[PDB]
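Everything below belongs to structure_19.txt, which stores compact mmCIF, C-alpha atoms and all ligand atoms.
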```
# COMPACT_ATOMS: atom_id res chain seq x y z
CA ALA G 11 16.88 25.30 -14.57
CA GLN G 12 13.51 23.89 -15.66
CA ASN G 13 10.27 25.10 -14.06
CA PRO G 14 12.01 27.50 -11.64
CA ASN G 15 8.71 28.84 -10.26
CA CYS G 16 7.59 25.25 -9.38
CA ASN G 17 4.32 25.45 -11.32
CA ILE G 18 2.13 22.36 -11.59
CA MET G 19 2.66 21.00 -15.10
CA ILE G 20 0.13 19.13 -17.24
CA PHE G 21 1.23 16.48 -19.74
CA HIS G 22 -0.53 15.06 -22.80
CA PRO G 23 1.41 11.92 -23.77
CA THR G 24 0.80 10.28 -27.12
CA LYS G 25 -0.09 6.61 -27.24
CA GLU G 26 3.55 5.92 -28.16
CA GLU G 27 4.80 7.93 -25.16
CA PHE G 28 2.33 6.09 -22.89
CA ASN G 29 4.03 2.71 -23.32
CA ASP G 30 6.99 3.09 -20.94
CA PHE G 31 5.94 4.36 -17.51
CA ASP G 32 9.44 4.80 -16.08
CA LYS G 33 10.65 6.65 -19.18
CA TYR G 34 7.77 9.11 -19.08
CA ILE G 35 8.20 9.90 -15.37
CA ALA G 36 11.84 10.61 -16.24
CA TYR G 37 10.73 12.81 -19.12
CA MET G 38 8.39 14.83 -16.90
CA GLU G 39 11.24 15.42 -14.44
CA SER G 40 13.55 16.48 -17.28
CA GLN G 41 11.02 19.29 -17.83
CA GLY G 42 11.03 20.17 -14.13
CA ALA G 43 7.65 18.70 -13.22
CA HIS G 44 8.82 17.39 -9.84
CA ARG G 45 9.65 20.89 -8.61
CA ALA G 46 5.93 21.53 -8.13
CA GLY G 47 5.45 18.34 -6.11
CA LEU G 48 2.46 17.33 -8.29
CA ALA G 49 1.85 16.83 -12.02
CA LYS G 50 -1.27 16.06 -14.06
CA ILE G 51 -1.16 13.49 -16.87
CA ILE G 52 -4.05 13.36 -19.34
CA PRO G 53 -3.99 9.96 -21.11
CA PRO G 54 -4.13 9.74 -24.91
CA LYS G 55 -7.58 9.55 -26.45
CA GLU G 56 -6.94 5.94 -27.53
CA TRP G 57 -6.58 4.76 -23.91
CA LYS G 58 -9.11 3.50 -21.37
CA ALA G 59 -8.73 2.07 -17.88
CA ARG G 60 -11.71 -0.30 -18.20
CA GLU G 61 -14.72 -0.61 -20.47
CA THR G 62 -17.48 0.23 -18.02
CA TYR G 63 -18.09 1.15 -14.40
CA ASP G 64 -21.58 -0.39 -14.43
CA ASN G 65 -20.64 -3.37 -12.25
CA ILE G 66 -18.88 -1.81 -9.23
CA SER G 67 -21.84 -1.49 -6.82
CA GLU G 68 -21.05 -4.70 -4.92
CA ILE G 69 -17.54 -3.69 -3.83
CA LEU G 70 -17.56 -3.51 -0.03
CA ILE G 71 -16.29 -0.52 1.95
CA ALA G 72 -15.46 -2.54 5.05
CA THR G 73 -14.75 0.45 7.32
CA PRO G 74 -16.26 3.72 6.12
CA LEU G 75 -14.82 6.70 7.98
CA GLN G 76 -16.82 9.68 9.22
CA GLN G 77 -14.43 12.65 9.17
CA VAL G 78 -15.27 14.80 12.21
CA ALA G 79 -13.41 18.12 12.42
CA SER G 80 -12.22 20.14 15.43
CA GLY G 81 -10.73 23.64 15.31
CA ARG G 82 -11.36 26.68 13.10
CA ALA G 83 -12.46 26.91 9.48
CA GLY G 84 -8.96 27.35 8.09
CA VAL G 85 -6.96 25.41 10.73
CA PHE G 86 -8.47 22.15 11.93
CA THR G 87 -7.87 18.48 12.56
CA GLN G 88 -10.12 15.61 11.58
CA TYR G 89 -10.81 12.35 13.42
CA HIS G 90 -11.86 9.30 11.38
CA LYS G 91 -14.81 7.67 13.14
CA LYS G 92 -15.42 4.08 12.05
CA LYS G 93 -18.85 3.26 10.66
CA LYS G 94 -20.70 0.12 9.66
CA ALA G 95 -19.67 -1.55 6.43
CA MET G 96 -21.55 -0.67 3.26
CA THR G 97 -21.36 -1.45 -0.42
CA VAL G 98 -20.24 1.06 -3.03
CA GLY G 99 -23.86 1.13 -4.23
CA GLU G 100 -25.06 2.08 -0.75
CA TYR G 101 -22.25 4.63 -0.42
CA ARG G 102 -23.13 6.29 -3.75
CA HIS G 103 -26.77 6.61 -2.67
CA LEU G 104 -25.64 8.18 0.62
CA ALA G 105 -23.27 10.61 -1.13
CA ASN G 106 -26.14 11.78 -3.36
CA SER G 107 -28.59 12.17 -0.47
CA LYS G 108 -29.70 15.61 0.63
CA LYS G 109 -27.49 15.52 3.73
CA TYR G 110 -24.29 14.85 1.77
CA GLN G 111 -24.78 15.97 -1.83
CA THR G 112 -22.70 18.69 -3.46
CA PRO G 113 -24.40 22.11 -3.19
CA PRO G 114 -25.18 24.29 -6.21
CA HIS G 115 -22.13 26.23 -7.35
CA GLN G 116 -20.91 28.31 -10.29
CA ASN G 117 -17.44 26.82 -10.90
CA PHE G 118 -14.52 25.14 -9.13
CA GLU G 119 -13.54 28.43 -7.41
CA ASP G 120 -16.99 28.90 -5.90
CA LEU G 121 -17.04 25.32 -4.61
CA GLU G 122 -13.54 25.83 -3.14
CA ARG G 123 -14.82 28.86 -1.22
CA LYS G 124 -17.78 26.88 0.11
CA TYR G 125 -15.47 24.03 1.11
CA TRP G 126 -13.14 26.12 3.25
CA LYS G 127 -16.01 28.21 4.65
CA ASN G 128 -18.17 25.27 5.73
CA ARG G 129 -16.08 22.07 5.91
CA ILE G 130 -15.77 21.94 9.68
CA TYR G 131 -19.56 22.04 10.23
CA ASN G 132 -20.16 18.70 8.47
CA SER G 133 -18.76 15.17 8.76
CA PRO G 134 -18.67 13.44 5.36
CA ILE G 135 -18.04 9.71 5.03
CA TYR G 136 -14.92 8.44 3.26
CA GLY G 137 -13.74 5.09 1.93
CA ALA G 138 -9.97 4.97 2.16
CA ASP G 139 -7.06 2.66 1.39
CA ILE G 140 -9.19 -0.25 0.16
CA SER G 141 -6.88 -2.87 -1.34
CA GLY G 142 -8.04 -3.49 -4.90
CA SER G 143 -8.03 -2.29 -8.48
CA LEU G 144 -10.50 -1.26 -11.17
CA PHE G 145 -8.05 -1.49 -14.08
CA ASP G 146 -8.91 -4.11 -16.67
CA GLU G 147 -6.37 -6.94 -16.91
CA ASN G 148 -6.08 -6.12 -20.59
CA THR G 149 -5.17 -2.46 -20.00
CA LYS G 150 -1.43 -2.62 -20.61
CA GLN G 151 -0.40 1.05 -20.28
CA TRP G 152 -0.39 2.87 -16.92
CA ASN G 153 -2.23 0.04 -15.15
CA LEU G 154 -1.65 0.83 -11.48
CA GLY G 155 -1.88 -2.88 -10.61
CA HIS G 156 0.99 -3.75 -12.97
CA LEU G 157 3.70 -1.23 -12.18
CA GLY G 158 7.12 -2.34 -11.01
CA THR G 159 7.28 -2.81 -7.27
CA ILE G 160 9.23 -0.62 -4.89
CA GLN G 161 10.87 -3.72 -3.48
CA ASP G 162 12.18 -4.50 -6.96
CA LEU G 163 13.36 -0.89 -7.36
CA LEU G 164 15.33 -1.03 -4.10
CA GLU G 165 16.87 -4.35 -5.20
CA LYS G 166 17.78 -2.93 -8.62
CA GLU G 167 19.37 0.20 -7.16
CA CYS G 168 21.01 -1.06 -3.98
CA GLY G 169 21.53 -4.77 -4.63
CA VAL G 170 19.59 -6.57 -1.91
CA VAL G 171 16.29 -8.44 -2.05
CA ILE G 172 13.72 -7.52 0.58
CA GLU G 173 10.36 -8.96 1.52
CA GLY G 174 7.10 -7.15 0.85
CA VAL G 175 4.55 -6.38 -1.86
CA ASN G 176 3.19 -3.19 -3.38
CA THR G 177 -0.49 -3.20 -4.39
CA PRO G 178 -2.99 -0.48 -5.35
CA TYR G 179 -5.73 1.05 -3.24
CA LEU G 180 -9.24 2.32 -3.93
CA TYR G 181 -10.81 5.48 -2.49
CA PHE G 182 -14.52 6.36 -2.44
CA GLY G 183 -15.31 10.00 -1.88
CA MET G 184 -18.23 12.38 -1.44
CA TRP G 185 -18.54 16.16 -1.10
CA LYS G 186 -16.14 17.56 1.52
CA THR G 187 -14.29 14.30 2.09
CA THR G 188 -10.79 15.48 2.93
CA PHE G 189 -7.20 14.31 2.77
CA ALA G 190 -4.93 16.02 5.27
CA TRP G 191 -1.50 17.50 4.57
CA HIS G 192 1.03 14.73 4.09
CA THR G 193 3.87 13.31 2.11
CA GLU G 194 3.78 9.65 1.14
CA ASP G 195 5.22 6.94 3.37
CA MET G 196 9.03 7.12 3.19
CA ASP G 197 8.51 10.17 0.91
CA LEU G 198 7.66 7.88 -2.02
CA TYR G 199 6.03 8.97 -5.23
CA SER G 200 2.32 8.33 -5.63
CA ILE G 201 0.12 8.08 -8.72
CA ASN G 202 -3.65 8.62 -8.51
CA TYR G 203 -6.21 7.84 -11.21
CA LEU G 204 -9.71 9.31 -10.91
CA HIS G 205 -11.84 6.49 -12.25
CA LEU G 206 -15.33 7.89 -11.99
CA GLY G 207 -17.39 10.79 -10.75
CA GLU G 208 -16.86 14.31 -9.48
CA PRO G 209 -13.52 16.13 -9.26
CA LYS G 210 -10.84 16.24 -6.60
CA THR G 211 -9.07 19.51 -5.80
CA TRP G 212 -5.41 19.23 -4.75
CA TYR G 213 -3.05 21.59 -2.89
CA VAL G 214 0.72 20.97 -3.05
CA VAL G 215 3.90 22.50 -1.62
CA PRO G 216 7.10 22.27 -3.74
CA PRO G 217 9.46 19.68 -2.23
CA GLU G 218 12.20 22.30 -1.91
CA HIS G 219 9.93 24.29 0.45
CA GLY G 220 8.50 21.37 2.41
CA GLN G 221 10.15 22.42 5.65
CA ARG G 222 8.32 25.75 5.45
CA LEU G 223 5.01 23.89 5.69
CA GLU G 224 6.32 21.75 8.54
CA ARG G 225 7.33 24.82 10.51
CA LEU G 226 3.94 26.45 10.04
CA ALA G 227 2.23 23.22 11.06
CA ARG G 228 4.22 23.09 14.30
CA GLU G 229 3.14 26.67 15.04
CA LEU G 230 -0.51 25.98 14.23
CA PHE G 231 -0.85 22.63 16.05
CA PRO G 232 1.47 23.07 19.03
CA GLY G 233 0.09 20.29 21.20
CA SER G 234 0.35 17.81 18.35
CA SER G 235 3.88 19.04 17.65
CA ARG G 236 5.00 18.42 21.23
CA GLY G 237 3.60 14.90 21.03
CA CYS G 238 5.43 13.85 17.88
CA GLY G 239 8.30 15.25 15.84
CA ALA G 240 6.61 13.98 12.66
CA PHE G 241 2.94 14.47 13.46
CA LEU G 242 1.97 15.23 9.86
CA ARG G 243 2.58 11.47 9.42
CA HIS G 244 -0.64 11.13 11.43
CA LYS G 245 -2.53 12.58 8.39
CA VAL G 246 -5.15 14.54 10.32
CA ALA G 247 -4.10 18.20 10.02
CA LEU G 248 -5.64 20.74 7.60
CA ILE G 249 -4.49 24.26 6.73
CA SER G 250 -6.39 26.36 4.20
CA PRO G 251 -4.91 28.14 1.16
CA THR G 252 -5.82 31.47 2.76
CA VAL G 253 -3.79 30.65 5.88
CA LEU G 254 -0.90 29.34 3.78
CA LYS G 255 -0.88 32.57 1.78
CA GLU G 256 -1.12 34.67 4.95
CA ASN G 257 2.05 32.93 6.16
CA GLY G 258 3.91 33.12 2.84
CA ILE G 259 4.04 29.36 2.22
CA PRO G 260 4.69 28.54 -1.46
CA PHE G 261 1.93 26.31 -2.80
CA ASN G 262 -0.16 25.57 -5.86
CA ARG G 263 -3.58 24.11 -6.50
CA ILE G 264 -5.25 22.16 -9.30
CA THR G 265 -8.47 20.21 -9.82
CA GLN G 266 -8.33 16.65 -11.18
CA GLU G 267 -11.28 15.34 -13.19
CA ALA G 268 -12.39 11.83 -14.10
CA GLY G 269 -10.00 10.13 -16.52
CA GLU G 270 -6.94 12.06 -15.36
CA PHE G 271 -3.82 10.90 -13.54
CA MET G 272 -2.01 12.89 -10.84
CA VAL G 273 1.56 12.06 -9.80
CA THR G 274 2.93 13.26 -6.47
CA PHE G 275 6.72 13.45 -6.19
CA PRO G 276 9.06 12.62 -3.29
CA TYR G 277 8.58 14.99 -0.33
CA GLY G 278 5.77 16.89 -2.04
CA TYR G 279 3.28 17.75 0.71
CA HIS G 280 -0.31 17.62 -0.53
CA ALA G 281 -3.88 17.89 0.74
CA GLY G 282 -7.29 18.28 -0.84
CA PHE G 283 -10.97 17.47 -1.05
CA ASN G 284 -13.55 15.74 -3.23
CA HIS G 285 -16.36 17.62 -4.95
CA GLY G 286 -18.95 14.84 -4.85
CA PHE G 287 -19.26 11.11 -5.30
CA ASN G 288 -16.15 9.68 -6.94
CA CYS G 289 -13.84 6.68 -7.10
CA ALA G 290 -10.07 6.90 -7.33
CA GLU G 291 -7.23 4.39 -7.37
CA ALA G 292 -3.69 5.06 -6.19
CA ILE G 293 -0.37 3.38 -5.48
CA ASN G 294 3.06 4.41 -4.29
CA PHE G 295 6.05 3.83 -6.56
CA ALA G 296 9.76 4.61 -6.71
CA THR G 297 12.45 5.61 -9.20
CA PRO G 298 16.22 5.80 -8.84
CA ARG G 299 15.81 9.45 -7.76
CA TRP G 300 13.60 8.41 -4.82
CA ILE G 301 16.37 6.51 -3.02
CA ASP G 302 18.00 9.55 -1.42
CA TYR G 303 14.62 10.84 -0.23
CA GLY G 304 13.81 7.49 1.37
CA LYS G 305 17.13 7.66 3.21
CA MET G 306 16.20 11.03 4.73
CA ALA G 307 12.44 10.61 5.26
CA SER G 308 11.04 11.56 8.64
CA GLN G 309 9.40 8.84 10.70
CA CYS G 310 6.64 8.81 13.29
CA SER G 311 7.39 6.64 16.32
CA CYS G 312 4.78 7.91 18.76
CA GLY G 313 2.12 5.33 17.84
CA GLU G 314 -0.24 7.74 16.07
CA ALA G 315 0.97 7.23 12.50
CA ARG G 316 -1.39 6.38 9.65
CA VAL G 317 0.68 4.16 7.34
CA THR G 318 -0.88 2.60 4.24
CA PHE G 319 1.40 -0.46 4.20
CA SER G 320 4.51 -1.81 5.91
CA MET G 321 7.67 0.26 5.47
CA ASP G 322 9.77 -1.86 7.81
CA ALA G 323 12.21 -3.25 5.25
CA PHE G 324 12.69 0.22 3.73
CA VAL G 325 13.60 1.60 7.14
CA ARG G 326 15.77 -1.45 7.87
CA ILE G 327 17.90 -1.05 4.74
CA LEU G 328 17.79 2.72 4.15
CA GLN G 329 17.76 3.95 7.78
CA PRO G 330 19.58 1.31 9.86
CA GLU G 331 20.36 3.73 12.69
CA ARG G 332 16.67 4.55 13.11
CA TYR G 333 15.41 1.03 12.55
CA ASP G 334 15.42 -0.21 16.16
CA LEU G 335 13.50 2.66 17.74
CA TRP G 336 11.23 3.26 14.80
CA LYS G 337 10.35 -0.38 15.31
CA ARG G 338 9.68 0.15 19.02
CA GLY G 339 6.98 2.55 17.79
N1 LIG G 401 -1.66 9.21 -0.34
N2 LIG G 401 -2.96 9.40 -0.12
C1 LIG G 401 -3.65 10.50 -0.44
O1 LIG G 401 -3.22 11.44 -0.98
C2 LIG G 401 -5.19 10.50 -0.12
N3 LIG G 401 -5.62 9.61 0.96
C3 LIG G 401 -5.15 9.77 2.20
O2 LIG G 401 -4.29 10.51 2.49
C4 LIG G 401 -5.71 8.84 3.29
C5 LIG G 401 -6.22 9.66 4.41
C6 LIG G 401 -6.67 8.70 5.56
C7 LIG G 401 -6.02 9.16 6.75
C8 LIG G 401 -6.46 8.60 7.95
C9 LIG G 401 -7.35 7.56 8.02
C10 LIG G 401 -7.73 6.98 9.23
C11 LIG G 401 -7.21 7.54 10.39
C12 LIG G 401 -6.35 8.60 10.32
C13 LIG G 401 -5.97 9.14 9.09
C14 LIG G 401 -6.16 10.22 -1.30
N4 LIG G 401 -7.47 10.27 -1.19
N5 LIG G 401 -7.93 9.96 -2.37
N6 LIG G 401 -6.92 9.69 -3.16
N7 LIG G 401 -5.85 9.85 -2.47
CL CL G 402 -21.47 23.82 1.68
NI NI G 403 -1.01 11.14 -0.94
ZN ZN G 404 3.61 10.49 15.69
```

Structure encoded using structure tokens:
Amino acid sequence: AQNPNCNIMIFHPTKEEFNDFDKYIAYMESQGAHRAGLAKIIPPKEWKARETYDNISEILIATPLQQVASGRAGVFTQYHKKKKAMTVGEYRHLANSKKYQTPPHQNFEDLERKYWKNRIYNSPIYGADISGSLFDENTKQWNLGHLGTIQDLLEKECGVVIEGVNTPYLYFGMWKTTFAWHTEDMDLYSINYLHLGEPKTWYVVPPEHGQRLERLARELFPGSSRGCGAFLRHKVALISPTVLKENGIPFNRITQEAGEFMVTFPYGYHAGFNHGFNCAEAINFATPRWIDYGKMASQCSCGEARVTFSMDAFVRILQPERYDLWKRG
């Protein structure tokens, strides 16, 4: 069996290997990459997403989110407080201001220590799930605005057309901005390109051990757990690597830098934080291997779910028994 220890694997495709997205995802899985839940892909030197990032300051962040934490340093939740709209130029200035700028640090490890020591005592501002793309039209390889849609994948695999579209999202980050433990909607894959700026550190649990994380989360957030059988779908809960290790949860970590892709795999729980001002782009996608995960994916019905885009048709076709009551929610 490939990658039995579920290590995060890093791939360096040639320009020839970078032409067929589906084929390369399949290749990575043939080497066991999905067992980790997360893989890094470094594009060939000949490739670029766009020519320059000099003209992005006028993008609007319509609803910046101030991430206020409650709890303890290693076990906390965050609430996303809506702020006034601002441009990316204004956001970048704010991220670099004395209140929000990255502190001095020796290396990624030192910054990671500072993050988990001090995160809860600050409330950074985050731009999330902004429909849009920064890939040049003329970028033909791994352009997250030109992948095959999930609706087309479901039709190809299962035979029925469904409504819906599948478009990419932009994310604007600063130091300590945080993404809570989650899998993707309907346990889809995701792919994330870091366009510009400072790194993003990721934590991931192997899909085969995902239920171990869920059990710990129920123990650590018992009120939330009584309110919803799938409360990690709310995307507000954080657990530190130290607490995961204390509780024997298998996980791995890796830092993504500008110009690098990360792929998350079906039912791979992940969480992480940004090191400083950056801009990323991401989209969910599917493969034939996703179908059985979509059939089994947990759903939140309590009204608290954070869902990036409409999964109704996926639930309707893949989970007909659930459809009705999931829809009541
Ligand atoms: N799949 N997505 C990810 O892995 C990361 N983004 C998120 O999870 C979005 C977190 C927003 C959650 C939220 C917002 C408002 C109210 C409640 C919860 C990401 N961040 N940067 N790149 N990816
Ligand atoms: Cl700090
Ligand atoms: Ni994600
Ligand atoms: Zn819920």

Please build the interface table for chain G against ligand LIG 401 (chain G) with a cut-off of 7 Å, listing for each qualifying residue the nearest atom pair and the distance in Å to one decimal; count all atoms listed in the file, order rows by chain and increasing number, and write it as a tab-separated table.
```
residue	atom	partner	partner_atom	distance
G:89	CA	G:LIG401	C12	6.6
G:90	CA	G:LIG401	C11	5.1
G:138	CA	G:LIG401	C4	5.9
G:139	CA	G:LIG401	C4	6.6
G:181	CA	G:LIG401	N5	5.3
G:189	CA	G:LIG401	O2	4.8
G:190	CA	G:LIG401	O2	6.2
G:192	CA	G:LIG401	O2	7.0
G:194	CA	G:LIG401	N1	5.7
G:200	CA	G:LIG401	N1	6.7
G:202	CA	G:LIG401	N6	6.4
G:244	CA	G:LIG401	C13	6.2
G:245	CA	G:LIG401	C13	4.9
G:246	CA	G:LIG401	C13	5.6
G:280	CA	G:LIG401	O1	6.8
G:281	CA	G:LIG401	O1	6.7
G:290	CA	G:LIG401	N6	5.9
G:291	CA	G:LIG401	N6	6.8
G:292	CA	G:LIG401	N6	6.4
G:316	CA	G:LIG401	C13	5.4
```

Next, write the just-selected residues to a file, as a PDB file, in the frame of the given file, keeping C-alpha atoms as the atom set.
```
ATOM      1  CA  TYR G  89     -10.810  12.350  13.420  1.00  0.00           C
ATOM      2  CA  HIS G  90     -11.860   9.300  11.380  1.00  0.00           C
ATOM      3  CA  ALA G 138      -9.970   4.970   2.160  1.00  0.00           C
ATOM      4  CA  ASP G 139      -7.060   2.660   1.390  1.00  0.00           C
ATOM      5  CA  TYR G 181     -10.810   5.480  -2.490  1.00  0.00           C
ATOM      6  CA  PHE G 189      -7.200  14.310   2.770  1.00  0.00           C
ATOM      7  CA  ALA G 190      -4.930  16.020   5.270  1.00  0.00           C
ATOM      8  CA  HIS G 192       1.030  14.730   4.090  1.00  0.00           C
ATOM      9  CA  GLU G 194       3.780   9.650   1.140  1.00  0.00           C
ATOM     10  CA  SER G 200       2.320   8.330  -5.630  1.00  0.00           C
ATOM     11  CA  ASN G 202      -3.650   8.620  -8.510  1.00  0.00           C
ATOM     12  CA  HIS G 244      -0.640  11.130  11.430  1.00  0.00           C
ATOM     13  CA  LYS G 245      -2.530  12.580   8.390  1.00  0.00           C
ATOM     14  CA  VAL G 246      -5.150  14.540  10.320  1.00  0.00           C
ATOM     15  CA  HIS G 280      -0.310  17.620  -0.530  1.00  0.00           C
ATOM     16  CA  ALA G 281      -3.880  17.890   0.740  1.00  0.00           C
ATOM     17  CA  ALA G 290     -10.070   6.900  -7.330  1.00  0.00           C
ATOM     18  CA  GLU G 291      -7.230   4.390  -7.370  1.00  0.00           C
ATOM     19  CA  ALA G 292      -3.690   5.060  -6.190  1.00  0.00           C
ATOM     20  CA  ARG G 316      -1.390   6.380   9.650  1.00  0.00           C
TER      21      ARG G 316
END
```

Residue G:334 environment, 12 Å, all atoms listed in the file, sequence neighbours closer than 6 positions dropped, as a list in words: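 Here the answer would be residues 311, 322, 323, 325, 326 and 327 of chain G.
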
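We find atom CA of residue G:220 and atom CA of residue G:279 to be spaced 6.6 Å apart.
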
Distance of atom CA of residue G:151 from atom CA of residue G:31, expressed in Å to one decimal place: 7.7 Å

Of the listed residues G:301, G:321, G:296, G:201, that which approaches ligand NI 403 (chain G) most closely, counting all atoms listed in the file: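 Once distances to ligand NI 403 (chain G) are computed over all atoms listed in the file, the minimum belongs to G:201.
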
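Remark: for residue G:47, the closest of the candidate residues G:206, G:273, G:95, G:230 is G:273 (distances computed over all atoms listed in the file).
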
Separation of atom CA of residue G:163 from atom CA of residue G:297, in Å and rounded to one decimal: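 Atom CA of residue G:297 lies 6.8 Å from atom CA of residue G:163.
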
Minimum-distance residue to ligand NI 403 (chain G), chosen among G:113, G:304, G:276, G:269 (using all atoms listed in the file): G:276

Selection as a PyMOL selection string: residues within 10 Å of ligand ZN 404 (chain G) by only C-alpha atoms and all ligand atoms: chain G and resi 234-245+309-316+339

Contacts of ligand CL 402 (chain G), 12 Å or closer, only C-alpha atoms and all ligand atoms, given as a VMD selection string: chain G and resid 108 to 115 120 to 134 185 to 187 285 to 286

Pick from G:101, G:199, G:209, G:251, whichever lies nearest to ligand NI 403 (chain G) using all atoms listed in the file: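 Closest residue, counting all atoms listed in the file: G:199.
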
Distance query 8 Å from (6.5, 20.0, -9.4) using only C-alpha atoms, result as a count of residues only: 16

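Compared by their closest atoms to ligand NI 403 (chain G), and using only C-alpha atoms and all ligand atoms, the residues G:331, G:256, G:224, G:197 rank with G:197 nearest.
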
Spatial neighbours of residue G:221, max dist 12 Å, all atoms listed in the file, sep filter under 6 positions, as a PDB file with C-alpha atoms, in the frame of the given file:
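Contents of the output file out_14.pdb:
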```
ATOM      1  CA  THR G 193       3.870  13.310   2.110  1.00  0.00           C
ATOM      2  CA  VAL G 215       3.900  22.500  -1.620  1.00  0.00           C
ATOM      3  CA  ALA G 227       2.230  23.220  11.060  1.00  0.00           C
ATOM      4  CA  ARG G 228       4.220  23.090  14.300  1.00  0.00           C
ATOM      5  CA  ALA G 240       6.610  13.980  12.660  1.00  0.00           C
ATOM      6  CA  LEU G 242       1.970  15.230   9.860  1.00  0.00           C
ATOM      7  CA  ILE G 259       4.040  29.360   2.220  1.00  0.00           C
ATOM      8  CA  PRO G 260       4.690  28.540  -1.460  1.00  0.00           C
ATOM      9  CA  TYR G 277       8.580  14.990  -0.330  1.00  0.00           C
ATOM     10  CA  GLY G 278       5.770  16.890  -2.040  1.00  0.00           C
ATOM     11  CA  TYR G 279       3.280  17.750   0.710  1.00  0.00           C
ATOM     12  CA  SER G 308      11.040  11.560   8.640  1.00  0.00           C
TER      13      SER G 308
END
```

Of the listed residues G:336, G:249, G:231, G:213, that which approaches ligand NI 403 (chain G) most closely, counting all atoms listed in the file: G:213

Grab all the atoms of stretch 133-142 of chain G that the file lists, wrap them in a box along x, y and z, add 8 Å per side, and give me centre plus edge lengths in Å (one decimal) as JSON.
```
{"center_x": -12.8, "center_y": 5.8, "center_z": 1.9, "size_x": 27.9, "size_y": 34.7, "size_z": 29.7}
```

Selection: 12 Å around residue G:34, all atoms listed in the file, excl. self and same-chain fewer than 3 positions, as a ChimeraX atom specification: /G:21-31,37-41,43,51,53,151-152,273,297

Would you mind completing stretch 215-226 of chain G so that it carries N, CA, C and O atoms, and writing it out as an mmCIF file, in the coordinates of the input?
```cif
data_model
loop_
_atom_site.group_PDB
_atom_site.id
_atom_site.type_symbol
_atom_site.label_atom_id
_atom_site.label_comp_id
_atom_site.auth_asym_id
_atom_site.auth_seq_id
_atom_site.Cartn_x
_atom_site.Cartn_y
_atom_site.Cartn_z
ATOM 1 N N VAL G 215 2.735 21.665 -1.917
ATOM 2 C CA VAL G 215 3.900 22.500 -1.620
ATOM 3 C C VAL G 215 5.112 21.939 -2.362
ATOM 4 O O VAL G 215 5.357 20.730 -2.285
ATOM 5 N N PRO G 216 5.871 22.766 -3.090
ATOM 6 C CA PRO G 216 7.100 22.270 -3.740
ATOM 7 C C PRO G 216 7.987 21.539 -2.752
ATOM 8 O O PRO G 216 8.169 21.993 -1.607
ATOM 9 N N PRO G 217 8.555 20.397 -3.149
ATOM 10 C CA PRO G 217 9.460 19.680 -2.230
ATOM 11 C C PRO G 217 10.582 20.548 -1.672
ATOM 12 O O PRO G 217 10.966 20.381 -0.508
ATOM 13 N N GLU G 218 11.102 21.504 -2.437
ATOM 14 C CA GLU G 218 12.200 22.300 -1.910
ATOM 15 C C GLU G 218 11.764 23.257 -0.806
ATOM 16 O O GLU G 218 12.619 23.786 -0.093
ATOM 17 N N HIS G 219 10.462 23.447 -0.611
ATOM 18 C CA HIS G 219 9.930 24.290 0.450
ATOM 19 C C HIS G 219 9.151 23.497 1.489
ATOM 20 O O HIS G 219 8.412 24.092 2.286
ATOM 21 N N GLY G 220 9.296 22.173 1.505
ATOM 22 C CA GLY G 220 8.500 21.370 2.410
ATOM 23 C C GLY G 220 8.679 21.728 3.868
ATOM 24 O O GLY G 220 7.725 21.668 4.655
ATOM 25 N N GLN G 221 9.901 22.093 4.256
ATOM 26 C CA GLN G 221 10.150 22.420 5.650
ATOM 27 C C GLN G 221 9.420 23.684 6.081
ATOM 28 O O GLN G 221 9.116 23.849 7.266
ATOM 29 N N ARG G 222 9.124 24.578 5.132
ATOM 30 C CA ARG G 222 8.320 25.750 5.450
ATOM 31 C C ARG G 222 6.920 25.357 5.916
ATOM 32 O O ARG G 222 6.382 25.945 6.862
ATOM 33 N N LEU G 223 6.311 24.371 5.252
ATOM 34 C CA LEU G 223 5.010 23.890 5.690
ATOM 35 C C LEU G 223 5.119 23.244 7.061
ATOM 36 O O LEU G 223 4.274 23.469 7.937
ATOM 37 N N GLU G 224 6.151 22.418 7.256
ATOM 38 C CA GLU G 224 6.320 21.750 8.540
ATOM 39 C C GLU G 224 6.425 22.756 9.670
ATOM 40 O O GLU G 224 5.820 22.582 10.737
ATOM 41 N N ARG G 225 7.184 23.825 9.459
ATOM 42 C CA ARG G 225 7.330 24.820 10.510
ATOM 43 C C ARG G 225 6.001 25.486 10.820
ATOM 44 O O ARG G 225 5.657 25.684 11.993
ATOM 45 N N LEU G 226 5.245 25.855 9.793
ATOM 46 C CA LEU G 226 3.940 26.450 10.040
ATOM 47 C C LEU G 226 3.048 25.476 10.792
ATOM 48 O O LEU G 226 2.303 25.868 11.699
#
```
